[PDB]
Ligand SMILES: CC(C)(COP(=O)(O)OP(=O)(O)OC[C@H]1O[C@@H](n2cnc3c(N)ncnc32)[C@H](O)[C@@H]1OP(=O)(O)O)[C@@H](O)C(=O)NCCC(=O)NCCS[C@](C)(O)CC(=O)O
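Single chain ahead, by itself, as structure tokens, in the form deposited without this ligand.
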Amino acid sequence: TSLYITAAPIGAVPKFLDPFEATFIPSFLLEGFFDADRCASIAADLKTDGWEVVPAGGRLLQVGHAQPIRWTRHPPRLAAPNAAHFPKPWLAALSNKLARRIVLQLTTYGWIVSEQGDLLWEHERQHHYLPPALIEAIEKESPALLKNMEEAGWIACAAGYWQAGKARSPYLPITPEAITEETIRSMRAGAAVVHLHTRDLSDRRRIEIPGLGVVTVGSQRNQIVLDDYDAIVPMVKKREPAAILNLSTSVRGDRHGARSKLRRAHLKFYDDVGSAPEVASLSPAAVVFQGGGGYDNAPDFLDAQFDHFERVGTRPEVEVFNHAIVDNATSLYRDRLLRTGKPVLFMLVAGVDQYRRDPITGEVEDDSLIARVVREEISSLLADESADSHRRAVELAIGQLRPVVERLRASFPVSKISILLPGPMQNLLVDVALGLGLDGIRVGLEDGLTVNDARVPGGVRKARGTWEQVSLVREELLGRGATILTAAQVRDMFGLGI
């Protein structure tokens, strides 16, 4: 059965990282150049922005970065511009796990893999830091590598604060302009539908630290930003009118927003475009992440959502986070879902651990589509990094999902079902989707920040963008003999935007 790709370029969780910014702040600058409370307040802000305290033992490579106050008289100029790189044999000296650790960190900082599998940094400035734990691992596995790095200008550091960029990407789009650009690139790479979030950047600010420059903090909080969509919707459709926009109505990060009209205020007729958004998310039960941060979807709220979607001509995409949603969608909300138009759309949020809470006792229990114990087994299998364990993992995933797909298709014979998986589980994505006879596959920085790349040791790096993940999933699908639908084909067969 033919497939359409959904691109999900922004999401709620990951953050943008500027690879030009300092990634390490030594404690001596913070404690020496500010008084006790100002030093303490900055530090708290760094922790809020994901910086972590590290002891001495790290390495810092810096070029053209610091302004004057191994410094001289001025920061060290031990590294000549454009000279820094990690030749493939440097990384091939390491175990798979350690090589991957390094590549993942440097590609978070904007380094790229060449066609020769070298790691390159293609700019004339940087302030890139590796923590003591990593340097220790390298010194144990390959003392010679560390000496090569030091000779290239990787310099020992004291204690301080490290911006690892965990769950960050230098390619995450968080502005209307960046989101429009990525939306268009993902479509050109082959995505038929683009699933969007916006972010509130109103709290961003620059902290200036002498002997280092400026570090930028801010929540980048997931928020439905009406002015951003007022920009994005026409900006996209002036260039690509075929765009099938699927707007998040989620209030992840903000549970108090879950009853508000705001959750449908971006689902309006956009005059500049002559249309409402094609698709928007709808979850017919509370979404309670085992990891925290969920949001309710109350029956009265849902009634209002359905009325609104029907009125403006937006097709719900049912976000199947949990078994509660399957139960509810196939029973009480069945006829309401048919009213909003056929085919009814579903997205299996597979691989993400979920609770269901008992209203009476307040106790929670597992409600995941892939039961947590099974999900945990799958993760363990994927960690074996073997064909034999991968095959077992696919069986387990398929085994858990098959009854869910059968129930959805039994209740909704005219339906389209897609799947997503979190980044570290995505090697299963194609096998699982094809194995289940699904109509679609979703990828993007919302779900995972990485891609496989056999050219580089360790085999894994940060994606260059959602468009790249789209490109790679499209290529794998085509190679398996699959048919990929275009936006224009998806619009027609789904009867969307009408």
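Throughout, we count residues from 1 along the sequence that is shown.
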* Count of coordinate-less deposited residues separating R73 and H74, as none, 1 to 3, 4 to 9, or 10 or more? -> 4 to 9
* Structure fact -> According to the PDB record, deposited residues with no modelled atoms between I69 and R70 number 10 or more
* To do: Return whichever of 121-129 and 383-391 has the greater mean Cα B factor according to the PDB record.
  => 383-391
* State which stretch shows the higher mean Cα B factor in the entry: 274-282 or 204-212. => 204-212
* **Residue with maximal Cα B-factor (values as given in the PDB entry) among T108, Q116, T175, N297** => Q116
* Asked: Highest Cα B-factor in the PDB entry belongs to which of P234, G253, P316, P422?
  -> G253
* Just say lowest, middle or highest third for the CA B-factor of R474 relative to the other modelled residues in its chain. => middle
* Structure fact -> Split the chain's modelled residues into thirds by Cα B-factor; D447 lands in the lowest
* **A36, C-alpha B-factor rank within chain (lowest, middle or highest third)** => highest
* Relative C-alpha B-factor of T361, binned into the chain's lowest, middle or highest third -> highest
* Taking the chain's C-alpha temperature factors as the reference, tell me which third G190 falls into: lowest, middle or highest. => middle
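FYI, the form solved in complex with this ligand isn't displayed, but the following is about it.
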* Would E319 show up as a contact with this ligand in the entry with it bound if we use heavy atoms at 4.5 Å? -> yes
* So in the entry with it bound, does any heavy atom of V13 sit within 4.5 Å of this ligand? -> yes
* Hey, in the entry with it bound, does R125 get a heavy atom within 4.5 angstroms of this ligand? -> no
* Asked: How about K166: is it within 4.5 Å of this ligand in the entry with it bound, going by heavy atoms?
  -> yes
* Using a 4.5 Å heavy atom cut-off, are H195, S281 and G448 all in contact with this ligand in the entry with it bound? -> yes
* To do: Select from the listed residues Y161, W90, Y295, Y270 the one whose heavy atoms reach within 4.5 Å of this ligand in the entry with it bound.
  => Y295
* Of the residues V460, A66, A43, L436, which one places a heavy atom within 4.5 Å of this ligand in the entry with it bound? -> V460
* Contact stretch among 330-338, 248-256, 143-151, 401-409 - heavy atom within 4.5 Å of this ligand in the entry with it bound -> 248-256
* Stretch 35-65 - residues with a heavy atom within 4.5 Å of this ligand in the entry with it bound -> none
